[PDB]
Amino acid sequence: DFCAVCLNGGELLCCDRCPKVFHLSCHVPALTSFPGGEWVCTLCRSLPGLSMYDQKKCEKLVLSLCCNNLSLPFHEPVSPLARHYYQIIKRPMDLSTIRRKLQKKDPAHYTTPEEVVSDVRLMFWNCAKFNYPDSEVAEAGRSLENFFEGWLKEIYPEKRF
């Protein structure tokens, strides 16, 4: 009943192989039209810039982040009006920036999975550098990073990073 990424209702696409449902633009990659049917989400699929193999793996990683309820504070960039944020944080990073750079036409498209992982960790580092350690946001960032580091060993057991 609820999009797995933004937790809002409306016109939702169901994945056949898992309970998850998505707004078309909340899925990764975003869909621009509905499918006829028998559709499976990026998490349940099989198989310059990223190789097609790494593209799908990094899409699984980024969608796992977006679908986890702890990622909500990190879905969009911080408002540049936000007091002191852009003075402390010289390299802001957020999941809408990561999503966009996963698109192969993007002029800053990722070329290696290490680049994707470096941005994710940059996001967690900025969170802990700016937010009060007992803020709700800082707690969500620490807990989400533990999820991410676990998925990394699951999706790329071989790579060191």
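So that there is no doubt, residue numbering starts at 1 and follows the sequence shown.
With reference to the PDB entry, specify whether the mean Cα temperature factor is higher for 34-42 or for 56-64. Result of the comparison: 34-42.
#### Entry: Relative C-alpha B-factor of residue 4, binned into the chain's lowest, middle or highest third
For residue 4, the deposited C-alpha B-factor lands in the middle third.
Notebook entry, point to check: Can you tell me which third, lowest, middle or highest, the CA B-factor of residue 81 falls into for its chain?
Noted result: CA B-factor rank for residue 81: highest third.
Entry-reported Cα temperature factor of residue 126, expressed as the chain third it lands in
Lowest third - that is where residue 126 ends up once the chain's C-alpha B-factors are sorted.
- prompt: Sorting the chain's CA B-factors, does residue 94 end up in the lowest, middle or highest third?
  reply: For residue 94, the deposited C-alpha B-factor lands in the lowest third.
### Query
When the modelled residues of the chain are sorted by Cα temperature factor, does residue 144 land in the lowest, middle or highest third?
According to the entry, residue 144 has a C-alpha B-factor in the chain's lowest third.
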